[PDB]
Peer 1: 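Below is the structure I would like to discuss, written out as structure tokens.
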Amino acid sequence: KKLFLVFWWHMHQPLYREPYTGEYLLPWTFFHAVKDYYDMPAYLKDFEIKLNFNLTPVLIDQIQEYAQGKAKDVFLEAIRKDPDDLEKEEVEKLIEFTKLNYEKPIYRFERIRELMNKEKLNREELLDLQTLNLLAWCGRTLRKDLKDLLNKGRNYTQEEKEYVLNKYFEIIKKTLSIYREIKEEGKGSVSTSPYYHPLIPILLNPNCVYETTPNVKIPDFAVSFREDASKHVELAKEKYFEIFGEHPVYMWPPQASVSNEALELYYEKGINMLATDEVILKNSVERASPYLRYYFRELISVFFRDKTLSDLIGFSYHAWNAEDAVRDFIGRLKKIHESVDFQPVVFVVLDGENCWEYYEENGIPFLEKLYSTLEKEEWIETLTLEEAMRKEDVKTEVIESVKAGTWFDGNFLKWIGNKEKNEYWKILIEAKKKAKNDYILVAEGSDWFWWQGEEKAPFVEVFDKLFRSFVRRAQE
Ligand SMILES: OC[C@H]1O[C@H](O[C@H]2[C@H](O)[C@@H](O)[C@@H](O[C@H]3[C@H](O)[C@@H](O)[C@@H](O[C@H]4[C@H](O)[C@@H](O)[C@@H](O[C@H]5[C@H](O)[C@@H](O)[C@@H](O)O[C@@H]5CO)O[C@@H]4CO)O[C@@H]3CO)O[C@@H]2CO)[C@H](O)[C@@H](O)[C@@H]1O
Ligand SMILES: OC[C@H]1O[C@H](O[C@H]2[C@H](O)[C@@H](O)[C@@H](O[C@H]3[C@H](O)[C@@H](O)[C@@H](O[C@H]4[C@H](O)[C@@H](O)[C@@H](O)O[C@@H]4CO)O[C@@H]3CO)O[C@@H]2CO)[C@H](O)[C@@H](O)[C@@H]1O
């Protein structure tokens with residue numbers, strides 16, 4: 001009697017490439033590529049477990065651009081430059097970026113503390129600010145190779161900065177290949193999402209917000225996004241075919257978002273299985289065990305993730321010692337294992353690149369201890385998505401209807417509802433009336449609405465600039 005454990009790490013970035021200048025206006029795709037996107041599947045090289053991954057096609061596009069040397073990244077150019085050639089604006093954006101990440105454990109360098117107490121920086125101090133920002137995002141693989149430079153902590157030269165950059169781009173160049181390798185070796189399944197990570201339920205039927213938040217105000221959806229919804233899925237199938245050689249049979253719905261109509265569309269497009277959130281299941285069915293494989297209308301397989309276990313990694317364990325956190329995690333799986341007489345399937349699903357920056361040492365002590373302890377447990381069998389879809393000694397249930405929602409409170413309020421987010425949908429709706437190319441699909445990505453209508457934060461202007469630029473470009 002085994003507990004079946006399914007890790008599904010979801011990787012995504014919206015398109016930071018501004019369509020008129022061709023410039024990557026934020027460096028987040030680069031920094032999460034060198035820190036997490038290669039290194040997360042790379043754990044499978046050292047640990048005999050199964051781990052699954054989601055790669056959005058818009059993320060894949062940017063990884064390709066960086067890997068091929070075509071990405072003009074404005075922040076990264078400020079990093080690469082000799083400090084004597086830095087513009088005042090570039091120094092300000094460098095300092096701004098440091099302040100934003102300053103309290104995170106991966107930025108725990110004494111020299112960063114010294115430099116941010118300084119009101120004017122010379123060439124050597126700017127070289128340290130540039131290079132330590134690079135090194136703060138160093139992933140597990142290169143933290144071994146670059147350990148001498150990392151322990152330095154200060155006094156970096158342009159030659160050393162350039163060396164780190166060359167190693168980082170080598171990491172990026174091998175990133176798509178290692179997803180292909182762990183997939184071909186059976187160490188994990190790889191899924192994708194509709195192309196630009198949109199909210200498929202809203203594009204299909206904006207009225208589905210009223211299944212959870214009946215009081216919410218939405219704009220006049222005077223155009224249909226239903227065909228655009230199909231296009232996100234179809235284009236995603238094409239990009240996945242290019243990278244991995246098959247049409248995808250697993251998809252992660254952006255924000256875990258599902259509806260009766262969205263599940264229909266996924267089935268119609270040949271998706272055999274997806275996962276969503278436990279809150280959906282609780283909102284939809286009275287007797288709701290998340291340890292079963294569900295069949296929506298006998299059309300498509302649905303797993304409901306263990307929200308508690310997913311939220312321990314995403315939200316709790318960063319503030320713990322690695323050893324305490326893994327003993328807690330295994331202790332919870334043991335109680336699940338001891339709680340039922342059948343073999344439960346336990347889906348752990350969350351973003352794969354966003355939580356580790358808040359852990360000590362980028363979560364490497366935690367994940368190494370976690371994966372080491374998992375592979376020693378005889379009563380735990382980690383599964384690929386393919387193995388979870390096919391496993392016969394697993395309990396099964398049919399569900400006929402779900403309440404539309406997301407894994408954020410089970411509703412859509414993080415992307416629609418208040419004046420400012422609704423203004424984005426107004427802009428999108430008007431632009432869709434006049435759209436002439438697929439940049440309208442880029443503007444349907446969920447990220448733009450997430451950051452809109454929120455307390456002012458540094459760089460929120462860039463997401464707004466990107467969204468409006470994609471909207472403008474879509475109509476030309
Ligand atoms: O404002 C108060 C608030 O601020 C702080 O949050 C800030 C972060 O700490 C800071 O680093 C920065 O966040 C960045 C982020 O680091 C950067 O990587 C990028 O985020 C990407 C994700 O990396 C990417 O995975 C994707 O995220 C999706 C995800 O795929 C999906 O599954 C789901 O979870 O939604 C996510 C969002 O759509 O895309 C995003 C970009 O859209 O960009 C971020 C913004 O610059 O800035 C944050 C805001 O200031 C504190 O951390 C927080 O506690 C404070 O309360
Ligand atoms: O900025 C603060 C935090 O940043 C990081 O958190 C990330 C997570 O890593 C991502 O996975 C994602 O979080 C998802 C989350 O996985 C999903 O379960 C859901 O979580 C709900 C949760 O059930 C609920 O109980 C409550 O705690 O709020 C969550 C949000 O409603 O939805 C999340 C949003 O997509 O993104 C967050 C950042 O938003 C980092 O890991 C944290 O340490 C950090 O505090």
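Position 1 is the first residue of the sequence, and the numbers go up from there.
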Peer 1: Do the side-chain N and O atoms of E162 and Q158 include a donor-acceptor pair separated by under 3.5 angstrom?
Peer 2: yes
Peer 1: Between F449 and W415, is the ring centroid distance below 6.0 Å?
Peer 2: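 Distance test on ring centres: not under 6.0 Å, no.
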Peer 1: Is there a donor-acceptor contact under 3.5 Å linking the side chains of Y20 and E476?
Peer 2: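 Result is yes, a qualifying pair exists.
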Peer 1: If the plane angle is over 60° it's perpendicular, under 30° parallel, otherwise tilted; pick one for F459 and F75.
Peer 2: perpendicular
Peer 1: If we ignore angles and hydrogens, is there a donor and acceptor under 3.5 Å between the side chains of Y196 and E444?
Peer 2: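 Not at all, the side chains of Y196 and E444 share no donor-acceptor pair under 3.5 Å.
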Peer 1: Could you tell me if the ring centre of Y179 sits under 6.0 Å from that of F53?
Peer 2: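 Centroid separation for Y179 and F53: below 6.0 Å.
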Peer 1: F241 and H247: aromatic ring centres closer than 6.0 Å?
Peer 2: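 Yes.
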Peer 1: Work out which heavy atom in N411 is nearest to a heavy atom in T212; give both atom names and the distance.
Peer 2: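 The answer is CB-OG1, 3.4 Å.
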Peer 1: Under 3.5 Å, is there a donor-acceptor pair between the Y424 and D464 side chains?
Peer 2: yes
Peer 1: Side-chain donor-acceptor pair under 3.5 Å between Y16 and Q13, yes or no?
Peer 2: yes
Peer 1: Under a 3.5 Å threshold, yes or no: a donor from one side chain and an acceptor from the other, between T56 and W252?
Peer 2: no
Peer 1: If only side-chain N and O atoms count, and only distance matters, is there a donor-acceptor pair under 3.5 Å linking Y66 with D73?
Peer 2: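 Short answer, yes.
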Peer 1: Could you tell me if the ring centre of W356 sits under 6.0 Å from that of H318?
Peer 2: no
Peer 1: So, for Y294 and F304, is the gap between ring centers shorter than 6.0 Å?
Peer 2: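 Close enough - the centres of the two rings lie under 6.0 Å apart.
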Peer 1: Determine whether a donor-acceptor pair (N or O, by modelled atom type, separation under 3.5 Å) exists between the side chain of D128 and the backbone of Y156.
Peer 2: yes
